[PDB]
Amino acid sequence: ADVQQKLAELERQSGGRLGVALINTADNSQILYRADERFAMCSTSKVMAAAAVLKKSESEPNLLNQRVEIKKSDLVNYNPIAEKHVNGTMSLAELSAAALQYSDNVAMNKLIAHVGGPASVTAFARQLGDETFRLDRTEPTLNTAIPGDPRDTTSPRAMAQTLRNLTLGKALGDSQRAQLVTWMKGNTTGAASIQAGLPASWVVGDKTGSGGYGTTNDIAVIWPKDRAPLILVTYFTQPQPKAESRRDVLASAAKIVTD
């Protein structure tokens, strides 16, 4: 309860809307704040697109080696890896890694297309037991994050439970689960978000997201020193369309709920 008051104070101080879900797998306890409200996922949705391709690879073992052409027409707004491979191909494994580790938006679009579009990613979430997740659009429009707009949203509670299934549970086969976790542990974009609020010795696998209205998100699996793992989802959005990102708010929330 003291944690609730501290999160409420942080939310007030920040001027935005904060949603937090922590799962402590030691005792299956939860810390929740606005955990059933919807938030725009932005690039945190890349985890579900990658997982859907991994699940397909359980029945098509050569799938991650399949190659995908990258053309100038594929470029969108943020393409740090794909722009180096124009007029060549990348494998689905390389695209998955680019999406998760560099937040490459071409990679995301190629993963979406492969599995059949946003409704197919959403159908995959339903098969896992997540009835809240919805992916509606492709990159870059899925990041608009308009207040009140349900498109491309989920709730903190649902995303934490689903991330627990994907990374610590049995939603994926052992090889595929290990691959997802390795990719998330190799993320290059998260050091200023949840990880900035945790001790240096803890190990984090995370995926960040940012978008309109100053939306600043991070979802993480956390291995504390000599403890059972944690799942932590921190979603944040602001009232002003051109608000700046606030990664520090996510770091502060992480420190509060892990103290």
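Don't overthink the numbering: it's just position in the shown sequence, from 1.
_Can you tell me whether 41-49 has a higher mean C-alpha B factor than 196-204 in this record, or the other way round?_
Comparing 41-49 with 196-204, the higher mean C-alpha B-factor belongs to 196-204.
**Q.** 25-33 or 58-66, whichever carries the higher mean Cα B-factor
**A.** Comparing averages over the C-alpha atoms only gives 58-66.
| said: Highest Cα temperature factor in the entry, among the options 130, 136, 174, 94: which one is it? | reply: Out of 130, 136, 174, 94, the record gives the largest C-alpha B-factor to 174.
Worksheet item: From 164, 110, 85, 185, can you pick the one with the highest C-alpha B factor in the entry?
Response: The listed residue with the largest C-alpha B-factor is 85.
| query | How does residue 74 rank on Cα B-factor within its chain, lowest, middle or highest third? | reply | As the PDB entry reports it, the C-alpha B-factor of residue 74 lands in the middle third of its chain.
Please place residue 143 in the lowest, middle or highest third of its chain by C-alpha B factor as given in the entry. According to the entry, residue 143 has a C-alpha B-factor in the chain's middle third.
Residue 20 by Cα B-factor - lowest, middle or highest third of the modelled chain
Its C-alpha B-factor, which the entry lists for residue 20, ranks in the lowest third among residues of this chain.
Grab the CA temperature factor for residue 179 from the record and place it in the lowest, middle or highest third of its chain. As the PDB entry reports it, the C-alpha B-factor of residue 179 lands in the middle third of its chain.
If you rank the chain by CA B-factor, which third does residue 150 end up in: lowest, middle or highest? Answer is middle: the recorded C-alpha B-factor places it there.
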